[PDB]
Amino acid sequence: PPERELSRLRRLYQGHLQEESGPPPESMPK
Amino acid sequence: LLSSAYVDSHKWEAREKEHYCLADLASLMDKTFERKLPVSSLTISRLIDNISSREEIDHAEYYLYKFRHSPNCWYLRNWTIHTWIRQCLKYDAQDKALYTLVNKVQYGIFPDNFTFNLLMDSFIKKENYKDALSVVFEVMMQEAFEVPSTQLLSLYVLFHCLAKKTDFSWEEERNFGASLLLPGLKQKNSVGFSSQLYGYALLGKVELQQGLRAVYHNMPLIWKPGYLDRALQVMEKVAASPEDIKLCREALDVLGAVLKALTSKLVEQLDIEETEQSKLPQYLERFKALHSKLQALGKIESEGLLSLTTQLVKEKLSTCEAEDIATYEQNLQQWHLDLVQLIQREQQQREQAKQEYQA
Amino acid sequence: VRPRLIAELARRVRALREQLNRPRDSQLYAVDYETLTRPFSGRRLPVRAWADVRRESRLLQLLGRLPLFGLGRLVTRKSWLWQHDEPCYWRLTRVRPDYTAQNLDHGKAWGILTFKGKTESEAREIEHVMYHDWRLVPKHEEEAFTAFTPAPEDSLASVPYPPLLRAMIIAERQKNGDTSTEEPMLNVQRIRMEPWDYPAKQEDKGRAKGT
Amino acid sequence: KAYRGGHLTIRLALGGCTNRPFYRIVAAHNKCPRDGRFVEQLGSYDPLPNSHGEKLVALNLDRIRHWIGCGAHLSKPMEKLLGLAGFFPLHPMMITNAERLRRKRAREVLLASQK
């Protein structure tokens with residue numbers, strides 16, 4: 001997502017956030 | 001500050017009035033309320049028209065309160081509000097008019113600009129500048145700066161009060177800043193721009209010290225940060241403005257003092273946007289640069305704000321008053337027409353009811 | 001069939017007593033700000049609302065301080081301001097205040113909606129009037145607040161069919177003799193995806209029953 | 001029987017025995033019991049791998065299309081089954097759960113490497 005939308009969500013959910021997740025692995029890790 | 005012609009109550013005194021005893025109308029409305037039925041706007045109009053004493057002011061205040069808390073609260077007419085203020089002025093009851101205006105939610109008193117001017121000028125003639133300031137703040141809360149006479153009177157009162165004020169509570173800063181910004185935006189002269197600058201400086205101080213919610217909450221102000229930037233933009237606008245426009249040295253000194261003092265709960269702003277507390281140093285640098293630029297361009301006025309506003313008032317208030325008096329006469333005529341239509345409707349309904357009852 | 005008349009009598013009496021003992025908005029939508037519960041029913045508000053309930057204003061908390069209850073003025077919502085960058089607001093056309101309220105801070109409202117810069121044709125009832133989420137647009141800011149340049153809203157007109165359904169469509173085509181090679185496509189231009197926070201129909205919404 | 005409101009929905013009714021589940025894909029009123037009255041049986045689903053290592057799903061696609069075209073809803077497991085069959089798009093949560101499992105397995109692999 002764009003950084004602006006991530007910041008909008010971070011404002012919407014102040015104090016109730018988890019660590020941001022990046023892109024997932026391209027394949028299933030073996 | 002207003003002429004006797006503007007304040008003259010003769011033409012309102014000459015309005016066609018149908019006479020009643022206030023006690024009778026009061027008892028009729030008491031019965032209506034006891035039966036949990038709606039009261040007509042004509043009935044409250046008749047009660048307010050028939051105040052003949054200072055104690056009838058006390059009774060009419062109670063019945064205005066009762067009407068506001070009734071199903072037909074919306075239908076309280078403009079002529080009724082005007083008559084209420086006129087009666088309060090007539091029977092030496094300005095405190096009651098001010099009380100109802102302050103608690104407008106409880107009483108439904110929303111005056112037009114003519115009526116605001118009447119109340120404010122009564123307070124000004126009696127040199128009761130505290131109550132005049134209260135009336136100005138009520139005008140600000142109602143956003144009723146659409147008439148030049150009100151703008152000029154409010155600016156005069158505000159600068160008069162600020163000329164002798166040292167201790168500022170943040171609520172007082174907020175009220176003063178809003179009340180100077182709103183009429184300052186409608187006046188395209190040196191006084192208007194200086195008022196814009198001064199009000200933006202005050203609101204920016206309030207924002208930086210207390211937060212933006214303290215500024216916009218329950219105020220006729222926007223929820224966007226950057227009031228100090230808007231003050232700097234006013235300075236920039238004056239720089240590129242014609243020759244006649246200038247900025248008072250006092251407004252610039254106030255902005256400089258605010259910046260010098262500033263440079264020495266839910267989060268409403270996105271974390272990617274820069275805060276104002278971090279842009280303070282750049283605001284200070286911009287202020288110094290623009291101040292030098294204006295001083296070079298000769299766009300700084302050495303006259304005080306109160307004197308300049310007095311001079312502008314003396315120049316413009318006469319023509320503003322002429323326009324206002326013309327509109328007031330038009331309003332009185334339209335009100336007379338509407339009132340006679342209401343009376344005719346009531347009479348027709350009553351006669352038809354009698355015709356039905358005769359069967 | 002032996003008649004059951006007590007049932008009809010009770011139904012009619014209950015209907016009359018419900019229509020005559022209607023709870024008013026000042027009673028239904030009052031809130032205790034210390035505990036954040038509805039005194040009428042005792043139920044607590046959801047956690048995600050708590051902060052707003054203590055910071056924001058109800059719509060008629062704003063409209064009761066205006067002449068004519070603010071007809072023709074523009075009102076927006078805090079949630080809209082946070083969520084959307086395009087202007088979202090109501091232009092008020094009719095207001096029915098709850099006169100029983102001590103401060104006339106409860107009631108109903110009608111208006112014309114502009115959501116994300118798109119104005120509707122007709123005026124309808126406003127929902128969530130009792131929410132603590134409302135802000136009043138200043139008159140001197142309206143021109144700046146209302147300004148909106150409609151961006152080009154070019155979205156997908158068609159999408160592929162799901163794999164098995166596409167395979168079945170092609171197989172049926174080849175069975176019926178058609179040998180054309182154009183891919184089957186689902187047209188999605190007539191399916192407009194409405195944002196979940198778009199104002200709903202308040203006229204179709206129910207009301208809390210007295211108790 | 002007249003239910004207050006309600007609608008038809010295509011869902012999974014559970015039969016079989018203890019520790020041996022089996023599902024019938026049925027179109028039924030949402031207010032009806034899980035294993036109770038239904039309008040039509042639209043298929044079956046055996047979640048236990050058979051001797052060939054297969055989970056057998058039967059879908060009456062013609063009747064499923066008919067009932068969807070008559071206003072029937074779908075339960076989330078049925079939507080996921082139809083996505084797996086290729087009849088529907090993959091449900092968003094299959095994708096999201098796959099991504100979550102990928103991340104979890106990546107964390108486990110990183111733990112092994114760190115050790």
Side-chain angles (χ1 to χ4, degrees), chain A, chain B residues 170-171 173-174 177-178 181 199-233 236 258-259 261-263 265-286:
Chain A
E3 294 293 328
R4 170 160 193 94
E5 306 289 302
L6 296 172
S7 64
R8 181 187 327 273
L9 280 168
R10 278 194 299 271
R11 181 177 58 183
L12 181 52
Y13 294 104
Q14 286 157 46
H16 302 99
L17 293 154
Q18 282 168 321
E19 195 65 22
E20 183 178 1
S21 75
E26 294 294 328
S27 179
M28 177 62 65
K30 185 68 174 177
Chain B
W170 75 261
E171 302 102 329
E173 299 185 54
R174 180 204 65 198
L181 176 65
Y200 276 138
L202 282 175
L203 295 174
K205 183 176 177 182
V206 175
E207 177 195 20
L208 268 285
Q209 295 180 318
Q210 310 282 331
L212 187 64
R213 195 195 165 252
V215 173
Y216 71 77
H217 185 243
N218 296 346
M219 290 291 292
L221 296 168
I222 199 61
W223 39 84
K224 295 180 177 67
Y227 280 96
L228 292 177
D229 197 275
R230 278 183 278 272
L232 300 169
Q233 284 178 82
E236 293 156 24
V258 167
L259 288 171
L262 290 177
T263 306
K265 278 72 176 174
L266 289 164
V267 187
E268 315 204 290
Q269 184 177 2
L270 294 177
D271 57 16
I272 54 154
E273 303 175 333
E274 183 178 1
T275 52
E276 302 273 299
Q277 173 73 6
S278 58
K279 312 151 67 84
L280 288 174
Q282 201 48 60
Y283 288 159
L284 192 61
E285 288 317 278
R286 280 167 62 195

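No hydrogens, no waters, no symmetry mates; every other heavy atom, side chains included, goes into these values. Chain letters run A, B, ... following the sequence lines, proteins first and then strands; every chain starts at 1.
Looking at heavy atoms from C-beta onward, B:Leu280 lies in side-chain contact with B:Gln277 at the 4.5 angstrom threshold. Between B:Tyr200 and B:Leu232, every side-chain heavy-atom pair lies at or beyond the 4.5 Å cut-off. Looking only at side-chain heavy atoms (C-beta outward), B:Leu203 and B:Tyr216 stay at 4.5 Å or farther from each other. Looking only at side-chain heavy atoms (C-beta outward), B:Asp229 and B:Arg286 come within less than 4.5 Å of each other.
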Could you pull out every donor-acceptor pair under 3.5 Å between side chains of residues 2-13 of chain A and any protein atom, sequence neighbours left out?
residue: A:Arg4; atom: NH2; partner: C:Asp85; partner atom: OD1; Å: 2.8
residue: A:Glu5; atom: OE2; partner: A:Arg8; partner atom: NH2; Å: 3.3
residue: A:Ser7; atom: OG; partner: A:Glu3; partner atom: O; Å: 3.3
residue: A:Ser7; atom: OG; partner: A:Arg4; partner atom: O; Å: 2.6
residue: A:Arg8; atom: NH1; partner: C:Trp82; partner atom: O; Å: 2.9
residue: A:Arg8; atom: NH1; partner: C:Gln83; partner atom: O; Å: 3.3
residue: A:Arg8; atom: NH2; partner: C:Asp85; partner atom: OD2; Å: 2.8
residue: A:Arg10; atom: NE; partner: B:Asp271; partner atom: OD2; Å: 2.7
residue: A:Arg10; atom: NH2; partner: B:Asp271; partner atom: OD1; Å: 3.3
residue: A:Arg10; atom: NH2; partner: B:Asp271; partner atom: OD2; Å: 3.2
residue: A:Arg11; atom: NH1; partner: B:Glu268; partner atom: O; Å: 2.8
residue: A:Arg11; atom: NH2; partner: C:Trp82; partner atom: O; Å: 3.1

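Between the side chains of B:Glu276 and B:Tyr283, at least one donor-acceptor pair of N or O atoms lies under 3.5 Å.
Contact annotation for residues 18-30 of chain A against chain B (heavy-atom separation below 4.5 Å): no residues qualify.
If you tally non-hydrogen atom pairs under 4.5 Å between each of B:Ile272, B:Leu270, B:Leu266 and chain A, the highest count goes to B:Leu270.
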